[PDB]
DNA sequence: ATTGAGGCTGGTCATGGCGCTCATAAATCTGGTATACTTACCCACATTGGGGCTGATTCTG
């Protein structure tokens, strides 16, 4: 739910993008892995107050 | 500057705990009726306004 009124489910997103649900899942997992890769999001890691 | 393989782009098949929906049920929430006789509670100032006089110009017997 980023920069929009509401979020969209994975199936509606796949339908809008003409991409299967599993391919959408794999692309999301690749994006999450790339964000978990180091040398990035250092301020995001610093955003924890514990 | 080609043709022989690895990494990575397309989709397969269910899969699995989660959430919305149906139904049961005792606890919680509402309305109702009692026929010996019981009858009235328990500080000091300053200002404006209302009501009772107080003359003072108009009229009277």
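Kindly list the number of the only condition in (1) touching a residue at least 12 places away in the same chain (Cβ under 8 Å); (2) assigned to a loop (DSSP other than H, G, I, E, B) that fails for residue A:25.
That leaves (2) as the condition not met.
Quick check on this structure: which one of A:10, A:32 is in contact (Cβ under 8 Å) with a residue 12 or more places away in the chain and either surrounded by 10 or more Cβ atoms within 10 Å (Cβ to Cβ) or within 12 Å of the chain's Cα centre (by Cα) (or both)?
The match here is A:10.
When you look at residue A:15, is it over 16 Å from the mean Cα position of the chain (by Cα) and surrounded by 10 or more Cβ atoms within 10 Å (Cβ to Cβ), yes or no?
Details: over 16 Å from the mean Cα position of the chain (by Cα): yes; surrounded by 10 or more Cβ atoms within 10 Å (Cβ to Cβ): yes.
Considered against the rule, which asks whether it is over 16 Å from the mean Cα position of the chain (by Cα) and surrounded by 10 or more Cβ atoms within 10 Å (Cβ to Cβ), residue A:15 comes out as yes.
When you look at residue A:40, is it surrounded by 10 or more Cβ atoms within 10 Å (Cβ to Cβ) and away from DNA strand B (no atom under 15 Å from the Cβ), yes or no? It would help to see each step written out before you state the result.
Working: surrounded by 10 or more Cβ atoms within 10 Å (Cβ to Cβ): yes; away from DNA strand B (no atom under 15 Å from the Cβ): yes.
It is true that residue A:40 is surrounded by 10 or more Cβ atoms within 10 Å (Cβ to Cβ) and away from DNA strand B (no atom under 15 Å from the Cβ).
Every number in this text was worked out from the coordinates using simple rules, so none of it is lab data. Here Cβ is always computed from backbone atoms with ideal geometry, including for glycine, and neighbour counts include all displayed protein chains.
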